[PDB]
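Spelled out from the first residue to the last, the chains are:
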Amino acid sequence: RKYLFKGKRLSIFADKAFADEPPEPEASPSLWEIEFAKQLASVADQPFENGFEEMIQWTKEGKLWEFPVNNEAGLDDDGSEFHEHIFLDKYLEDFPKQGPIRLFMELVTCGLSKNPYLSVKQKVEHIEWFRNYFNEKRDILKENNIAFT
Amino acid sequence: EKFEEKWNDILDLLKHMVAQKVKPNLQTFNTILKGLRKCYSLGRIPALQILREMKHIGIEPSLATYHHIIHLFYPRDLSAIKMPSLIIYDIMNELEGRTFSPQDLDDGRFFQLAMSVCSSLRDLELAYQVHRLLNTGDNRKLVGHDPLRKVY
Amino acid sequence: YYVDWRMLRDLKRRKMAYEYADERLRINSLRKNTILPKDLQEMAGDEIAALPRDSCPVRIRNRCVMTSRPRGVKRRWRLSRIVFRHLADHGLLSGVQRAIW
Amino acid sequence: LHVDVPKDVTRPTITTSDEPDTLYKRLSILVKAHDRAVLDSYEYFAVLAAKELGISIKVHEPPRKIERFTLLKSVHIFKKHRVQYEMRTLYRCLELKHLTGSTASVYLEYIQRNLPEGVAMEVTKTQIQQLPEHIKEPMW
Amino acid sequence: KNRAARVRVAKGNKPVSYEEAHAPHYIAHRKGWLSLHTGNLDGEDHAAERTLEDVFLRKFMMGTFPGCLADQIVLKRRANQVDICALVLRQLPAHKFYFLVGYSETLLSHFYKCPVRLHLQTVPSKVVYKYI
Ligand SMILES: [Mg+2]
């Protein structure tokens with residue numbers, strides 16, 4: 001008799017041959033859409049039932065460590081590569097191609113390649129400091145027969 | 001003043017939703033049914049028609065959508081208790097074993113309302129189906145808040 | 001408030017040595033070698049001297065974090081022998097017991 | 001619960017990828033603690049857990065370490081009178097074998113989350129992989 | 001004579017608890033450790049930081065529950081979680097404990113940036129091991 005899905009319908013609308021044609025984020029989430037979502041969450045918001053459900057919520061919030069333990073979780077050094085940390089001679093092009101300054105900077109870049117506590121950006125900054133230092137000391141170097149830049 | 005005019009007006013808004021190529025969502029139908037709870041006597045045939053259109057469009061009825069149909073077919077202040085409607089039995093068969101998620105602001109209301117209808121009809125078998133639905137998956141999260149959890 | 005004025009002075013020495021760590025590293029590197037002209041090395045010997053005295057990291061002293069005691073400190077806990085004994089003798093340090101053998 | 005029981009409990013979604021899985025030839029788990037009895041209970045819990053998932057496990061007890069240091073007993077003077085303290089570290093090594101990368105993550109998570117207080121783990125995975133494609137063929 | 005952590009004999013009228021009765025040389029023999037972390041195990045770091053955090057957590061709980069602590073608190077660190085287990089006398093009303101638990105947990109989680117939980121076991125009165 002009172003069949004839920006058998007009988008006449010309004011028929012104002014038609015079958016959705018095309019579905020969800022406009023994207024859900026038509027614009028950046030507005031205050032109206034941001035607030036309705038918060039209310040939907042409260043609809044199913046019930047208190048913790050055991051220590052598992054509490055730890056699940058802490059994990060979703062980042063409060064509790066993820067397992068298995070990864071000692072480098074969230075620790076990506078600018079998405080670098082091993083070759084960037086190890087091969088640093090590209091940055092010594094401005095320096096003299098030979099001579100005492102080249103011999104010294106070779107030692108500097110050798111240590112920087114073996115430094116696990118510095119990022120590529122910090123390693124480059126050590127190189128740049130010496131470039132500007134010797135430039136300021138152009139006159140003292142020239143007396144010693146060393147030509148810089 | 002006139003329901004027939006009022007209903008024809010609300011339908012006109014729906015007709016302009018298709019002229020402008022705007023497709024309705026769950027909230028659109030949920031809003032219409034919540035309004036129909038005022039006219040219990042005359043909203044029964046309109047209310048069922050909406051749910052059939054919901055499936056044809058492809059919108060999936062949520063717990064809130066049934067919460068409104070129950071109110072409209074099982075009034076709390078119902079003098080005519082001699083021959084109550086049987087729709088509650090059909091809905092429970094439809095929702096048997098399904099899992100539901102928060103998709104509206106009246107999802108919590110459904111379970112408290114379903115238990116009330118079971119007590120009114122003095123059918124304990126139906127109460128087990130309603131409670132059994134609450135236990136499937138994580139439906140327990142939609143029982144209700146502090147006021148409605150103790151009533152259920 | 002820190003424990004005493006001696007702990008405060010040390011705290012500042014530790015915060016100014018961190019600021020001047022890179023600088024004192026780069027300049028001091030120019031002196032700890034035999035590859036650069038001695039004229040440059042003598043000049044870096046003066047730039048390092050010109051930096052503020054509190055930048056020098058050998059003026060830091062390890063003091064008890066709770067009593068600011070200069071000597072008698074244990075570096076693993078940063079506490080003096082006297083303060084460490086109070087916590088150990090009470091079962092408040094995890095795994096520390098008396099040594100009987 | 002006597003009469004009220006869940007009907008269809010929700011279970012997490014595990015989707016098989018198309019990437020090949022890691023192959024761990026060995027996986028050494030060195031747990032450390034001040035208390036031997038805690039290691040015995042964890043050794044029982046871990047060995048029982050490994051056996052229930054199909055993992056092959058062996059256990060041995062590395063020699064314990066005791067670190068002793070001396071302190072001065074008096075607050076002032078009285079040099080000759082000292083007090084000595086010690087810390088004891090006890091070890092239990094769970095040597096697992098022939099584990100895929102999915103089996104080693106779920107097992108390590110399960111046993112790492114249940115690591116008692118005062119117990120530290122030192123996992124040492126040993127992966128086995130083919131040779132680099134360049135190395136496979138000498139190229140001049 | 002050794003005066004360290006010894007509740008000296010009175011005339012038989014001083015009620016000492018199990019923890020108080022035992023001198024330091026019974027640590028690891030008859031009585032255990034009040035704090036359990038992995039920072040004093042061999043080849044482990046951050047002993048200084050765990051020990052300082054404990055000292056504060058003990059002074060904080062005393063002031064937050066003044067006169068309501070029957071015995072010393074027990075601190076348990078697992079992963080980044082901190083757990084405070086305290087025997088508390090039944091002096092205060094029940095709802096006051098719910099306030100102090102919510103307050104002390106939230107405040108200590110935002111101060112050490114770790115999840116902190118408070119576990120309270122209520123006793124009718126202090127438990128006396130022996131009268132000394
Ligand atoms: Mg010194």
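Residues numbered from 1 in each chain as written, not as in the entry; some residues may be left out. Chains lettered and ligands numbered in written order. Part of a larger assembly, values for the part shown. Heavy atoms only, no water.

For chain D, the name recorded in the PDB entry is 28S ribosomal protein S10, mitochondrial, with Mus musculus as its organism. In the Subunit part of its UniProt record, chain D is described as follows: "Component of the mitochondrial ribosome small subunit (28S) which comprises a 12S rRNA and about 30 distinct proteins." As stated in UniProt under Subcellular location, the record for chain D gives "Mitochondrion". (UniProt positions renumbered as here; feature names shortened; annotations may be inferred.)

Looking at the PDB entry, chain C carries the name 28S ribosomal protein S14, mitochondrial, with the source organism given as Mus musculus. The annotation that UniProt attaches to chain C under Subcellular location is "Mitochondrion". Reading the Sequence similarities entry of the UniProt record for chain C gives the comment "Belongs to the universal ribosomal protein uS14 family."

Participant: Explanation requested: the overall build of chain C in the structure shown.
Facilitator: Within chain C, the secondary structure is distributed over four helices and three strands. Along the chain direction, N to C, the helices and strands of chain C fall in the order α-α-α-β-β-α-β. Whereas a compact globule of 101 residues would reach a radius of gyration of roughly 13 Å, chain C reaches 20 Å, over 25% beyond that. Residue burial in chain C is summarised as follows: out of 101 residues, 39% are buried. Put simply, 41% of the contacts in chain C that link residues at least 6 apart link residues at least 24 apart. As displayed, chain C has an accessible area near 6400 Å², and 52% of this comes from carbon and sulfur atoms. Separation between the mean location of the 24 positive side-chain charges and that of the 11 negative ones in chain C comes to 13 Å. (Helix = DSSP H or I, 4+ residues; strand = E, 2+ residues; numbered from the N terminus. Rg over C-alpha atoms; globule rule 2.2 N^0.38 Å. Buried < 20%, exposed > 50% of the residue type's maximum accessible area, 1.4 Å probe, protein only. Contact = heavy atoms within 4.5 Å. Areas by Shrake-Rupley, 256 points an atom, 1.4 Å probe, with all protein chains shown as cover. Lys, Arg positive; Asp, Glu negative; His and termini not counted. Charge placed at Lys NZ, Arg CZ, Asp CG, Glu CD.)

Participant: Teacher, can you tell me more about the side chain of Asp104(B) here?
Facilitator: Residues and elements named next belong to chain B. Of note, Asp 104 is situated in the loop between α5 (87–94) and α6 (107–121). Within the buried set, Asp 104 has no salt-bridge partner at all; the shortest N-O distance to an opposite charge, 6.6 Å, is to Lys 34. For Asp 104, the side chain forms a polar contact with the side chain of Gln 27, separated by 3.2 Å. (Salt bridge = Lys/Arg side-chain N within 4 Å of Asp/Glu carboxyl O. Polar contact = N/O pair within 3.5 Å; in protein donor to acceptor, adjacent residues only side chain to side chain.)

Participant: Even after reading the chapter, I still don't get unusual backbone geometry, so can you show me in this structure?
Facilitator: What you tend to see is this: most non-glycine residues have negative phi, and most peptide bonds are trans. Geometrically, the link from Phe67(A) to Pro68(A) is a cis peptide bond, its omega value of 0° lying close to zero. The backbone phi angle of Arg78(C) is positive, close to 65°, even though this residue is not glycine. Note on placement: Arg78(C) falls in the loop between β1 (73–74) and β2 (79–80). You can call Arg78(C) partly exposed: its relative accessible area is 42%.

Participant: Could you clarify how one ought to interpret empty space enclosed by the protein in this entry?
Facilitator: To find the voids left in a structure, one rolls a probe of water-molecule size over its atoms. Applying the stated rule across the entire model yields two cavities of 30 Å³ or more. Approximately 40 Å³ is the volume attributed to the largest cavity. In this structure, the largest cavity is lined by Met92(B), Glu96(B), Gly97(B), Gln129(B), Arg132(B), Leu133(B), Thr136(B) and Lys7(D). Among the elements that line the lining of the largest cavity, the one with the most residues is helix α7 (residues 124–135) of chain B, at three residues. Tallied by class, residues from the lining of the largest cavity come to two nonpolar, three polar and three charged. By volume, the second largest cavity amounts to about 30 Å³. Forming the boundary of the second largest cavity are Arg76(C), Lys65(D), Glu67(D), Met87(D), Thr89(D), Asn40(E) and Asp42(E). Mapped by element, the contributors of at least two residues to the lining of the second largest cavity are β3 (65–72) and β4 (82–100) of chain D. A breakdown of the residues in the lining of the second largest cavity according to their chemical character gives one nonpolar, two polar and four charged. (1 Å grid on protein atoms, 1.4 Å probe; cavity = no way out; pocket = protein on both sides within 12 Å on 5 of 7 lines; lining within 4 Å. Points joined across faces, edges and corners; volume = space filled by probe spheres on them. Nonpolar A, V, L, I, M, F, W, Y, C, P; charged D, E, K, R; others polar.)

Participant: Teacher, can you tell me more about the interface of chain D and chain A here?
Facilitator: Note on interface size: it is often stated as the accessible area lost on association of the parts. Contacts between the two partners involve five residues from chain D and, on the opposite side, seven residues from chain A. Contact with chain A buries area across many residues of chain D, yet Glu109(D), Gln112(D) and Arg113(D) alone supply 88% of it, more than any other trio. Inspection of the chain D/chain A interface yields zero salt bridges. (Buried area = accessible area lost by both parts, 1.4 Å probe.)

Participant: Please explain the interface of chain B and chain A as it appears in this structure.
Facilitator: Chain B puts 36 residues into the contact, and the matching count from chain A is 30 residues. The junction of chain B with chain A conceals about 3100 Å² of combined surface from both sides, 66% of it contributed by carbon and sulfur atoms. When residues of chain B are sorted by the area they lose upon contact with chain A, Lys23(B), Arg52(B) and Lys141(B) head the list and together hold 23% of the total. Inspection of the chain B/chain A interface yields three salt bridges. Between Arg9(A) and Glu53(B) there is a salt bridge, with the nearest N and O atoms lying 3.4 Å from each other. No other element matches helix α3 (residues 44–57) of chain B, which puts nine residues into the side of chain B that touches chain A. Grouping the amino acids of the side of chain B that touches chain A by side-chain chemistry returns 18 nonpolar, seven polar and eleven charged.

Participant: In this structure, what is going on with the pairing of strand β5 (residues 116–123) of chain E? I would like to understand it.
Facilitator: Successive side chains on a regular strand alternate, one facing one side of the sheet and the next facing the other. All names here are of chain E. Both strand β4 (residues 81–89) and β5 contribute to a ladder of eight bridges, which runs parallel. Paired with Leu 87 across the strands is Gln 121, a residue of β5. With respect to chirality, the unit in which β4 leads through helix α3 (residues 94–112) into the neighbouring parallel β5 is right-handed. (Pairing = 2+ DSSP bridges. Right-handed = clockwise from strand over helix to strand, strands pointing away.)

Participant: Looking at this structure, how should I read the side chain of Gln46(A)?
Facilitator: Relative to the elements of secondary structure, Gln46(A) occurs in the loop between α1 (31–43) and α2 (51–60). Within the structure, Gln46(A) has its side chain in polar contact with the backbone oxygen of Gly144(B) (distance 2.9 Å). Residues contacting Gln46(A), with those up to four places away along its chain left out, are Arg140(B), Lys141(B), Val143(B) and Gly144(B).

Participant: It is not clear to me how the packing of helix α2 (residues 26–36) of chain B against helix α4 (residues 63–73) of chain B should be interpreted in this structure. Could you clarify?
Facilitator: Each pair of packed helices gets described by two things: the angle between the helix axes and the distance between those axes. Residues and elements named next belong to chain B. Packing of α2 against α4 brings their axes to within 9 Å, and their N-to-C directions diverge by 15°. Between α2 and α4, the angle falls in the class roughly parallel. Between α2 and α4 lies a crossing whose hand is left-handed. Side by side, α2 and α4 meet where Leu 26, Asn 30, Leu 33, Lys 34 and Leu 36 of the first sit next to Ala 64, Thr 65, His 68 and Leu 72 of the second. For the contact of α2 with α4, the per-class residue count stands at five nonpolar, three polar and one charged. (Axes fitted to C-alpha atoms, helices over the stretch in contact; angles between N-to-C directions. Parallel < 35°, antiparallel > 145°, perpendicular 65-115°, else oblique. Left-handed = near helix turned anticlockwise from the far one by under 90°.)

Participant: Is there a simple way to think about the sheet that holds β4(E) in this case?
Facilitator: Across a sheet, paired strands are connected by hydrogen bonds in the backbone, their directions being either parallel or antiparallel. Residue and element names in this part refer to chain E. The four strands lie next to each other as β2-β3-β4-β5, forming an open sheet whose pairing is mixed. The sheet is open, and its two borders are formed by β2 (35–36) and β5, each paired with just one other strand. Across the face of the sheet, helix α2 (residues 47–64) comes into contact with β2, β3 (74–78), β4 and β5 while running at roughly 135° to β3.

Participant: Whenever I open this one, the packing of α6(B) against α7(B) confuses me. Can you help?
Facilitator: Residue and element names in this part refer to chain B. Following both chains from N to C, one finds α6 and α7 inclined at 165°, their axes separated by 9 Å at the closest point. Put simply, α6 runs roughly antiparallel to α7. Seen along the crossing, α6 lies across α7 with a hand that is left-handed. On the side of α6, the interface is formed by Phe 110, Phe 111, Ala 114, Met 115 and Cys 118, while α7 contributes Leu 126, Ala 127, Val 130, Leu 133 and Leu 134. Along the lines of polarity and charge, the residues of the contact of α6 with α7 split into ten nonpolar, no polar and no charged.

Participant: Can you help me understand helix α5 (residues 120–136) of chain A in this one?
Facilitator: Every α-helical turn comprises 3.6 residues, leaving residues that sit three or four positions apart pointing alike. In this model α5(A) runs 25 Å from its N-terminal to its C-terminal C-alpha over 17 residues, within 8% of the 24 Å that 1.5 Å per residue would give. For α5(A), the complete set of buried residues consists of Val120(A), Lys123(A), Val124(A), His126(A), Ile127(A), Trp129(A), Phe130(A), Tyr133(A) and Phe134(A). Here the buried face of α5(A) lies against α3 (82–86), α4 (100–113) and α6 (138–143) of chain A together with α2 (21–29) and α3 (38–50) of chain C. (Expected span 1.5 Å × (residues − 1).)

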